[PDB]
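Next comes just one chain, in structure tokens: the form deposited in one PDB entry.
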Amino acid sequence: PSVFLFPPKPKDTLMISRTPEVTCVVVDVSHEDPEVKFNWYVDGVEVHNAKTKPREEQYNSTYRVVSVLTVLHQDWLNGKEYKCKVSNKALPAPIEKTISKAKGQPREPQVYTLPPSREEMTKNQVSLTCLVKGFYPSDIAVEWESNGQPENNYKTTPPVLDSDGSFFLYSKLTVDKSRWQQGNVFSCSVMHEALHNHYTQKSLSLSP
């Protein structure tokens, strides 16, 4: 009976309206004995606002069981540690796992939008590029929007270690050449802990 501990999603830790959650999912719990207790700790203290979802049989007839702990944005961003502690009857030792935010002095990313190259204008789909460089540590969120809705067709590289010890990444958003040619404005939104309000937005549109 083995444990997996998942951290809150970056964007949930960065925007205070959202709810960051730490997840403790126990997998491979027998029919034999299947009951399982969850106790949660922040810097070694007992918390009791965990919402635990009932046992779930897979096809592996083996049961999965999830305890979700809601956390405070500042506690996570300040580096506090979260331990999940699981008590099954199916092994003597109640067994445990910790996580916390990755360490490192925050570095503020620079965000730059780049129009498509003139060679791509022969195609009827074109690429809009968002470059995010100089950030540390690497937990980040990047998204594209237009006129207040999210834009589907994009993909973001994973962070890449630059020469100066900071990270960079690129996000490519693909759109119809027509929408670009009509002067539609597209925004790159970036969320990172070293930004003011943890948020910035840079716009991009067909220039005159």
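In case it trips you up, residue 1 is the first one in the sequence shown, and so on. We call the rigid core the largest set of C-alpha positions that still match within 1.5 Å between the two forms.
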By Cα RMS to this form in 5 other deposited structures of this protein after fitting the core, the stretch ranking higher of 50-58 and 66-74 is 50-58
Outlying stretch relative to shown form, 156-164 versus 34-42 in 5 other deposited structures of this protein, C-alpha RMS (core)
156-164
Of 2-10 and 198-206, the stretch whose C-alpha atoms average the higher B-factor in the entry:
2-10
On mean C-alpha B-factor from the PDB entry, just flag whether 44-52 or 167-175 is the higher one.
44-52
Residue of maximum C-alpha B factor among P92, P137, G134, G79, per deposited coordinates
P92
Tell me, please, which of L161, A141, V68, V36 has the highest C-alpha B factor according to the deposited entry?
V36
Temperature factor at the Cα of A102, chain-ranked in thirds, falls in the middle
Could you say whether, by C-alpha temperature factor, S87 belongs to the lowest, middle or highest third of its chain?
highest
Pull the Cα B-factor of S127 out of the PDB entry and bin it into the chain's lowest, middle or highest third.
lowest
According to the PDB entry, is the CA B factor of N153 in the bottom, middle or top third of its chain, that is, lowest, middle or highest?
middle
Comparing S30 with the other modelled residues of its chain, is its CA B-factor in the lowest, middle or highest third?
highest
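What comes next is about the form solved in complex with a partner chain, which is not displayed.
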Heavy atoms within 4.5 Å of its partner chain in the deposited complex: does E145 have any?
yes
Is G44 one of the residues lying within 4.5 Å of its partner chain in the deposited complex, judged by heavy atom distances?
no
With the partner left out of view, is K89 within 4.5 angstroms of its partner chain in the deposited complex by any non-hydrogen atom?
no
Classify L14 as contacting or not contacting its partner chain in the deposited complex by the rule of any non-hydrogen atom within 4.5 angstroms, answering yes or no.
yes
Whether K37, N49 and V68 jointly form a contact site for its partner chain in the deposited complex is the question; each needs a heavy atom within 4.5 Å.
no
